[PDB]
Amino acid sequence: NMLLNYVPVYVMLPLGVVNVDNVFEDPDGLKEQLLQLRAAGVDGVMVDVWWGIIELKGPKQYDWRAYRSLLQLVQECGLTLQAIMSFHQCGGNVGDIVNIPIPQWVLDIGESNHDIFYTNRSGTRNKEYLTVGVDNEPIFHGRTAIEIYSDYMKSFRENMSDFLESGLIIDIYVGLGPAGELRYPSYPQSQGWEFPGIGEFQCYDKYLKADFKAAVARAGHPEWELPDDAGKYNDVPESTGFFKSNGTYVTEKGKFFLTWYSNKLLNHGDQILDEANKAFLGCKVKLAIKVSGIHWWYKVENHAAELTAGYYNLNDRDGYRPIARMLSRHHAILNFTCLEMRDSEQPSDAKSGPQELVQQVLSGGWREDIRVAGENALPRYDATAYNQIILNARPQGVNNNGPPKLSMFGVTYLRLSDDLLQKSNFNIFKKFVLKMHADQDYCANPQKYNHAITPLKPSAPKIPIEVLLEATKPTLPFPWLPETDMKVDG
């Protein structure tokens, strides 16, 4: 039955639906919009549950009232919800039309200790997320950064217990860094970065620097220092000593640093996921994380931008599959982006390979037998964008003899806006939803299309770093169709 080819579609709610004062501003307005999504066949919506709004007053001073009102409305409108534990700031990234900082009380500690923030070689502190360096430093009024995240999720679980039991919440996305993605803030627009700048390493806070120096000393090279020839945010790889041909990134020193740098992200995600699993144990929800799609410079040997962001991915080293393997122990979903981009749409001088990047990441996930979901990176309303998303959703097309051999677990569309609801744009969107659903009507019971959600089980045993890194072995991607068999048209 075709229903087995059904891929659910979710829509991101506007940023700031609940303002910085913790007030659900326009319920009536959101309601009319939600009802239109409901009529369009959309399966659910995604929303940021901002840490900076909820635990604003002080440590463990949570106020979940406004969000309870929002969830209640979503439920009344017949939509499911993907909730993001957003431990990051809204404001300094592309599309951030509202400013939502992390809790003021955390910012206050940052005043006396600037090293709780990601820091570049120049010493500029980025305040959008707490450096992985303090994950286990008990410097936040007695708590470590991870305990803060953990306490936040448990409070969410207990205070939204009725919504979790009623099956409103389907996925719990746990923000792991800037924009909620597991990465370093290597391309900060707030610091002048401009596409396709290679970005900068963000490991100069005293905690990360100390960890690195101890590490290299244990490796027999106490003299090794953090990168000093990697250039600046807007440089090109060839103009740097680190990324140029036969450059530093290929030396023993460089490989050690890059391994160290990327390993910090894997452990960061693994430790916080452990806490998310404990917090939601038994709940009928799946855990998920977001991996950024850094497609610029993907087509040159150095993969400069990926490296500075923390994805140690080269042509002979898979920097994403180990993330997928890590997620397997947590039975989590790998959410990737750039599902809408085509290589031809990128300036030639950016050496962009979004299509090949998507193929690599999705294949790695299916290879590790984990569920893969995704979203478009930029706002798109045209058929070509939708047709590319549909292609990636079912790379080898639909199967009439049963389920597709390859299919994404779901796709979340960025983002709900008046533009999307415009007669012509919305009309195209409705076709997009229909094709994602494999020409079937909206299906309220996920069980029908093999998406039944069982109680969250405890995470499997810890996987040692050496086993995770075995996943760096390059593999050939799964075959992709040149175009989808379920086109929207134009």
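Note that residue numbering begins at 1 and tracks the sequence as displayed.
- Annotation for 96-104 versus 170-178: the higher mean temperature factor (C-alpha) is found in 96-104.
- Checked against the record, the higher mean CA B factor of 454-462 and 37-45 lies with 454-462.
- Considering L265, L258, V250, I390 together, the PDB entry gives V250 the largest C-alpha B factor.
- You'll see in the entry that, of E306, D270, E111, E147, the Cα B factor peaks at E111.
- When all modelled residues of the chain are sorted by CA temperature factor, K431 is found within the middle third.
- The deposited CA B-factor of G58 belongs to the middle third of values across its chain.
- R183 sits in the lowest third of its chain by CA B factor, as recorded in the PDB entry.
- Remark: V20 belongs to the highest third of its chain, ranked by C-alpha B-factor as recorded.
- Per the PDB record, residue ranking by Cα B-factor puts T240 in the highest third of the chain.
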